[PDB]
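Beneath this line is the structure, given in structure tokens, with notes to follow.
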Amino acid sequence: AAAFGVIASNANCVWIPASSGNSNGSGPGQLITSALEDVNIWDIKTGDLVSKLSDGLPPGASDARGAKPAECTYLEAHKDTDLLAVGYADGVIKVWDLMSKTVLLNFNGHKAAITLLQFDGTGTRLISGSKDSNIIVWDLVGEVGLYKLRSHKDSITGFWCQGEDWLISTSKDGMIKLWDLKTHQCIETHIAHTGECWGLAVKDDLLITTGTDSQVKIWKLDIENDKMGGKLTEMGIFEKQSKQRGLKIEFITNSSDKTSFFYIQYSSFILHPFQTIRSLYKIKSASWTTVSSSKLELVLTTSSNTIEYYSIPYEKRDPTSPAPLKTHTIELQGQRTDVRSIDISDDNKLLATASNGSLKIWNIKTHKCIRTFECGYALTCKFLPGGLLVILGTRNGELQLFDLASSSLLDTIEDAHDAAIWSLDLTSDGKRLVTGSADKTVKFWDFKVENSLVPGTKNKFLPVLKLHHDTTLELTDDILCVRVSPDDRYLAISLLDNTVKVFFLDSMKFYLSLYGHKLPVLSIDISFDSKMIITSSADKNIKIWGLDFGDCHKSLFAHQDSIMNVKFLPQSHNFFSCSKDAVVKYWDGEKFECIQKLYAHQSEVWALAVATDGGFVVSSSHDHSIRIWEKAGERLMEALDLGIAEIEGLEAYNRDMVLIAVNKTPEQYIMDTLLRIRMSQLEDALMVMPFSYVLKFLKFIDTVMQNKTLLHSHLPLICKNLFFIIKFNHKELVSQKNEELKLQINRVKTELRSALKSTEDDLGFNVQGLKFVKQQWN
Amino acid sequence: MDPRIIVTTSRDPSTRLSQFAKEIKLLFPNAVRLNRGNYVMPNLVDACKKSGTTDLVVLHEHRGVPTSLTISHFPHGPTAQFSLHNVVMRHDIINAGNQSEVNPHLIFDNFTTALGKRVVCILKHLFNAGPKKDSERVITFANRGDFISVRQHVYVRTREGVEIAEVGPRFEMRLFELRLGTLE
RNA sequence: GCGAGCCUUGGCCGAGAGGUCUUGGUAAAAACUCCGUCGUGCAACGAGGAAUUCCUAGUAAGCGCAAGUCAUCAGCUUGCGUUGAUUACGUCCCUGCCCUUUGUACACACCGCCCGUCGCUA
Numbered sequence: 011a012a013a014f015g016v017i018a019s020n021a022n023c024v025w026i027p028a029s030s031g032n033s034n035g036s037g038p039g040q041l042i043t044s045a046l047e048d049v050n051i052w053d054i055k056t057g058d059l060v061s062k063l064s065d066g067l068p069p070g071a072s073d074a075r076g077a078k079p080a081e082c083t084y085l086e087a088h089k090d091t092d093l094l095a096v097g098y099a100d101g102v103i104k105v106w107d108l109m110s111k112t113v114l115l116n117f118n119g120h121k122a123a124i125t126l127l128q129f130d131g132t133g134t135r136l137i138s139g140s141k142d143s144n145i146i147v148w149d150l151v152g153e154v155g156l157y158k159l160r161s162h163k164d165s166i167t168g169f170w171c172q173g174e175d176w177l178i179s180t181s182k183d184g185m186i187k188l189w190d191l192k193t194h195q196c197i198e199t200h201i202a203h204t205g206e207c208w209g210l211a212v213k214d215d216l217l218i219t220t221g222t223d224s225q226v227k228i229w230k231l232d233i234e235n236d237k238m239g240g241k242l243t244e245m246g247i248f249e250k251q252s253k254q255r256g257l258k259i260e261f262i263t264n265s266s267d268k269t270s271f272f273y274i275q321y322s323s324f325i326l327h328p329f330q331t332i333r334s335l336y337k338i339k340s341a342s343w344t345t346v347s348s349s350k351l352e353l354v355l356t357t358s359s360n361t362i363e364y365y366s367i368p369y370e371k372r373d374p375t376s377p378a379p380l381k382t383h384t385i386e387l388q389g390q391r392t393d394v395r396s397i398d399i400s401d402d403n404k405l406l407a408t409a410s411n412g413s414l415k416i417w418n419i420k421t422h423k424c425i426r427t428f429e430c431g432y433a434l435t436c437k438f439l440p441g442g443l444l445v446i447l448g449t450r451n452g453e454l455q456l457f458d459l460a461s462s463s464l465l466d467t468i469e470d471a472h473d474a475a476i477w478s479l480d481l482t483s484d485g486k487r488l489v490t491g492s493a494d495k496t497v498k499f500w501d502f503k504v505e506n507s508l509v510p511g512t513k514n515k516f517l518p519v520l521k522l523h524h525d526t527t528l529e530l531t532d533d534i535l536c537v538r539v540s541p542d543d544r545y546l547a548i549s550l551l552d553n554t555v556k557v558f559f560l561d562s563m564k565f566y567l568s569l570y571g572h573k574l575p576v577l578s579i580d581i582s583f584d585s586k587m588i589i590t591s592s593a594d595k596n597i598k599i600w601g602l603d604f605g606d607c608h609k610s611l612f613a614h615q616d617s618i619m620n621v622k623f624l625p626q627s628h629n630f631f632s633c634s635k636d637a638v639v640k641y642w643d644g645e646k647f648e649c650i651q652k653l654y655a656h657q658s659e660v661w662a663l664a665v666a667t668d669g670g671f672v673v674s675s676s677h678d679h680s681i682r683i684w685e747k748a749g750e751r752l753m754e755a756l757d758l759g760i761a762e763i764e765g766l767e768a769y770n771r772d773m793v794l795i796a797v798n799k800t801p802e803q804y805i806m807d808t809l810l811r812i813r814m815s816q817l818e819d820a821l822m823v824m825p826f827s828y829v830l831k832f833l834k835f836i837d838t839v840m841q842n843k844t845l846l847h848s849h850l851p852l853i854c855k856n857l858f859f860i861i862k863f864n865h866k867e868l869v870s871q872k873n874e875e876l877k878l879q880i881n882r883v884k885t886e887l888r889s890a891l892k893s894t895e896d897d898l899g900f901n902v903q904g905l906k907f908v909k910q911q912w913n
Numbered sequence: 084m085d086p087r088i089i090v091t092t093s094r095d096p097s098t099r100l101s102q103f104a105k106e107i108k109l110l111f112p113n114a115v116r117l118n119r120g121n122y123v124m125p126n127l128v129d130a131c132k133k134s135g136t137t138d139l140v141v142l143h144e145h146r147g148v149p150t151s152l153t154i155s156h157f158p159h160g161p162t163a164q165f166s167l168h169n170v171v172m173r174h175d176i177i178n179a180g181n182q183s184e185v186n187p188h189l190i191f192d193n194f195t196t197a198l199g200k201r202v203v204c205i206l207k208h209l210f211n212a213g214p215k216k217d218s219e220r221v222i223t224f225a226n227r228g229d230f231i232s233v234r235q236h237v238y239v240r241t242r243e244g245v246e247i248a249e250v251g252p253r254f255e256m257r258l259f260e261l262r263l264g265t266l267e
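Those protein sequence lines, which keep their order, are chains A and B. In terms of UniProt numbering, the first sequence is residues 11 to 275, 321 to 685, 747 to 773, 793 to 913. All residue numbers for the second sequence refer to UniProt numbering, where the first residue is 84 and numbers rise by one.
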């Protein structure tokens, strides 16, 4: 068959909320670029959407982005504002063009995600420490073989000087390690922690540290035999980050105690009045602090899914702090938090998602207006067919009536509930409302305009349907999903006894109960053919049902995490699965097999619905946004020919006016082949070699005996090979003439017999020296 | 413990029996392929007593039933002959894949061990070639009464599926003459 | 050296069944050794290509005999007897398969910690 969806990175998605800030980077001075679930471009003093880098169509590339989901770790601009560089929640670091959003290089070699990433003062080096507990230096070529420093067990925090040499390090394993740049060796490790280094800042000359121990340690730069001058104890809780002023006359510190405080005579004490402030520090613990590039403000990055602006009391800057400004969001992070329910209209232009405090109106990606009465999140949402009014179910058991035009509530629907509303859906014409409640009954609701004594705009409750006392061992009376027959003939209900019951529109008569469920059911739906159904349960198992009982068609079981929602197609041919494990799967309604497996989801999907147009995909989420869809001996001969080729060349160097074997002397390779060779069958490789191999060979023995080296060999090896070649051939069957190597042997053997005679005398005194006191100790 | 096998034929070979002798030759490390210049030797007892071999396999052809597989334990002297049904045209092959030193699992079907236990005694004494004691191939002996079947198979496993591979020349035989051997 | 170790012509006698005599077509130890004579036309495929297989002594090849059904001819089969070369006596190079040592992303589970949902009670 044919199904929608694509394998591309973008299908007009609005899935990026541009939220959850953790860091930032200053750019042109009048602007500032922000780490979010994208790269976002804000003004430094107004807060408007200057630009935004996200997924899309880069110039000259497909399935490429400007920025990824799966939250950015760090984000900074180059000092010449020519290079963009972001490390993400994956180990690959992505650099980007500054004018365009094409990619320049992709940087891997990281086992884990980035915990440190910053430009150096040269610009030709980019340093990245990641959560695989090491540091990786980067060159514009991509040189990773320069320096890989690792003696850690946890991540690293503190780093660079500004002198091309003489690095420093503070790490999250409670350690502060000292290293030189030339041939790196841990000269000294200063430790004053027991936990994690949260933030780090050098002021200009004093390196303070912030950790779990809720204290401040100062340290001097020119350091040896540790320089300690004092500690500032007990801010009140463990400190998280700090920042120096760009003029370097103050030093601001921040913690998770909702407070920030700076030092001034900087000093070792806080000596400035702080009651001048008007815009108190923060409502949520902040991640990172940077001074603003206008030299008058402070820029704060919080964990309340948004970052803010303030100022520090001083005469040069603003002596108070101003109200925080936020960017021009599309009304996706201009309001507060996550989406638990979505609802669909029949005009493909009214799509509403709800939050803790907002209802947001959408056509495709353009936001019309907000509606605010929310006393919680919404478990269910439902438009009127026609999109005139919308009906809301909050986490109070309250249903709310909202007009399409304005934010104002027309009518509060009667709170006859005592628990929150699980399910709710209207009928075809939309005059009957069936709801989710633990009140042991089914509540039908009227609906019309307000022109009579029965309010249809307040939904007066005439009929009572209640027989719900079915006894079971799991849970007797609670409902999760309710479904209206598309023929308007019956009502389908989810029940907590691992069953479902089917019953027509009037008074209770029984059609069908379905059971066999190890876990209770999450969602139940009906095909528009109205012959077969599906059901989703908490056992990772999706069950197809027609009209029988107990004869299992198929246990649709291929999953690992809990199942949020599985629904049919609006023309009943494709049922789809959204779950906890951040993947949405298409499944053919006529077959058992999958046609497309959509995995571009990083955060949790709570709900997902497709309109009756079927050309786009609406998805509730945990990042509150919507992803819209569609042999050896010859090597010895080479070794001796290379080695004598070196020695003969070095002989007439200037007494008479090759990069590798391996060493400063080539003869060390000659022993190394003796080191590499096995102790067995070496005589077969030795017996091949001719007499000239011997004449080339003894020069290396004279080389090591004049070299006095026994580090890379030993005398039973040399005498072992010597005794082999004197077995093989020869002295007077290879030469009858008195030659120079022949006279060389006569002194080399003297060197050998003396060199072994020394150690033999050493043992010969040693063991008899050991005997004599053992005679006495009795 | 492990047997010792000698392949012995008449003087003149045929290609329809040359390929068949090479499949029986695929019973190493103890199967020797020997062509004699005589049809039978009068000194078959002599060399097997000399060399210490345990079994002799002789091939020929007659009319009353089709061609036979004669197997005889040398230190016991029994006579077990196996009427071959398919001798028409086998595969031209001396090896494929692994070695015959692999010890396969032994599978019998349609259990007859009242009088067919003598066949069970021989085949366990015959196809114990291989001290590996680990299964990498398998040979099935399916009965249909006096009918026997010999098929070689390899363990084929993918995506949890037990597949066998019909490998080697596929053999259909019937129990031909069992002459009562001696306790000597 | 294994063995025993068929269609009829015609004729004389007989009620009979048949018996008996002629005629004519059809069927059905070897190699070796010696001694003498002659000296290649094929009517038609005329020592058999691509390719492929097998083979280490009493073995390859060659030759004949006998048997089972035969007192009788297998396009069958099994035994028997005679003569009897050449080449490897290897190696682990290719190829293929085993057994040991060696190397490792991945990985039951145990430590501490972050993040997110909901909620208790003081």
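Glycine included, C-beta positions come from ideal geometry on N, C-alpha and C.
Roughly how many whole angstroms lie between the Cα atoms of residue i and residue j?
i: B:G199; j: B:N226; result: 10 angstroms
i: A:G749; j: A:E764; result: 22 angstroms
i: A:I362; j: A:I262; result: 17 angstroms
i: A:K89; j: A:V346; result: 16 angstroms
i: A:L574; j: A:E529; result: 9 angstroms
i: A:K371; j: A:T408; result: 46 angstroms
i: B:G264; j: B:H159; result: 7 angstroms
i: A:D175; j: A:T193; result: 11 angstroms
i: A:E453; j: A:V576; result: 24 angstroms
i: A:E469; j: A:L456; result: 10 angstroms
Pick from the options: whose alpha carbon is nearest that of residue i?
i: A:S675; options: A:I26, A:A13, A:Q330, A:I17; result: A:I26
i: A:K237; options: A:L188, A:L535, A:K831; result: A:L188
i: A:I17; options: A:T382, A:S349, A:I146, A:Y654; result: A:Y654
i: A:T199; options: A:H162, A:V212, A:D175; result: A:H162
i: B:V90; options: B:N193, B:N113, B:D229, B:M84; result: B:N113
i: A:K78; options: A:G57, A:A87, A:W106; result: A:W106
i: A:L41; options: A:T56, A:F647, A:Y98; result: A:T56
Among the residues of its own chain, which have a CB less than 8 angstroms from the CB of residue i, if the five just before and after it don't count?
i: A:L833; result: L876, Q879, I880, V883
i: A:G485; result: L439, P440, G441, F502
i: A:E260; result: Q254, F272, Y273, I274, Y321, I367, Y369
Ignore the nearest five residues each way along the sequence and tell me which others in residue i's own chain have a CB closer than 7 angstroms to its CB.
i: A:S658; result: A637, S676, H677, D678
i: A:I548; result: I534, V537, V555, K556
i: A:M822; result: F863
Please find out if some non-hydrogen atom of the ligand ATP comes closer than 6 angstroms to the beta-carbon of residue i.
i: B:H236; result: This structure simply doesn't include the ligand ATP, nor any ligand for that matter.
Looking at residue j and residue i, is the spacing between their C-beta atoms short of 7 angstroms?
i: A:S358; j: A:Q390; result: no
i: A:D164; j: A:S143; result: yes
i: A:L127; j: A:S138; result: yes
i: B:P187; j: B:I222; result: yes
i: A:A122; j: A:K104; result: no
i: A:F630; j: A:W642; result: yes
i: B:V170; j: B:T150; result: yes
Taking contact to mean at least 3 C-beta pairs separated by less than 8 angstroms, is the segment 40-55 of chain A in contact with the segment 74-85 of chain A?
yes
For the segment 171-191 of chain B against the segment 102-113 of chain B, are there 3 or more C-beta pairs whose distance is under 8 angstroms?
yes
I want to know whether the segment 133-141 of chain B touches the segment 214-233 of chain B - three or more CB-CB distances under 8 angstroms.
no
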